[PDB]
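Coming up is one lone chain in structure tokens, specifically the form deposited in one PDB entry.
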């Protein structure tokens, strides 16, 4: 059944190391999705085969939480891998922070709280996310956050479990990773600190002209807190930037009880009953104005694959990639 030709790719919303993401409409219907498309030859030579399977598995768990990107289905062809996602048109936080430089206190506080809920959900399932960054936070049409890109996750991290892979995005990487220590969900709470600092202050807490200097900064320096910064925001950041992971808030104590969040009813937040302080400007369900124009101007196209590599690799590499949720299956079979 399902094929890429069943969709119309109206726009390319973005491209990069994650592949291409298109605004797609299923056949006739008035139903839109974001399709992430990957070339199998590229995934293979980037050594991303397992990350791609992790992403698929973690996304099967994610429909259970409001603050993670929901996947409807996943399918493959000899050359391509496709994730058919929920279309989210509020725009990403990196894109939004570019024009205003930094988020006002209430907006940042709100984003931080929703991100806490998403992260804690992932942790309670034994998933360490490991790539928390501003680029990976999307907004829905109403301004609620959605965490995207689960390819870096480590699964099975419940109990007395640790893992040891060096990974992340350099500005956000935890000092225990830099020091080559076995680690758990602690690493996500450092990254969260970095992300919050960026939201409030408009630049990264650690700096260097090359990675060597940056990693030194992450390991050794105290973050700068400007005098204008709200004391409870500073205090939360101080408690996240603890280098001993077992003493870090999120690992220890109860981050939900931090005074920065004293006005938040977490149960209401989780049911999306608290209005986001920032409402994206959206004119329709297909409006794509909250995305970078650099990408929107490109004609949607899937590129060719290296046949020699495709023909020579074991296709079983992507066994069990395919997955379809009941609601999607209904839509397909209705227009069959």
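Numbering follows the first chain given and starts at 1. Basically, rigid core = biggest C-alpha set you can superpose within 1.5 Å across the two forms.
This next part talks about the form deposited in another entry, which is not shown.
**Q** With a threshold of 2 Å on the C-alpha, tell me if residue 60 counts as moved between this form and the one not shown once the core is superposed.
**A** No.
**Q** Fitting the rigid core first, would the Cα of residue 285 be found 2 Å or more away between this form and the one not shown?
**A** Yes.
**Q** After the core is matched up, is the C-alpha of residue 47 off by 2 Å or more between this form and the one not shown?
**A** Result for residue 47: yes, a 2 Å-plus shift.
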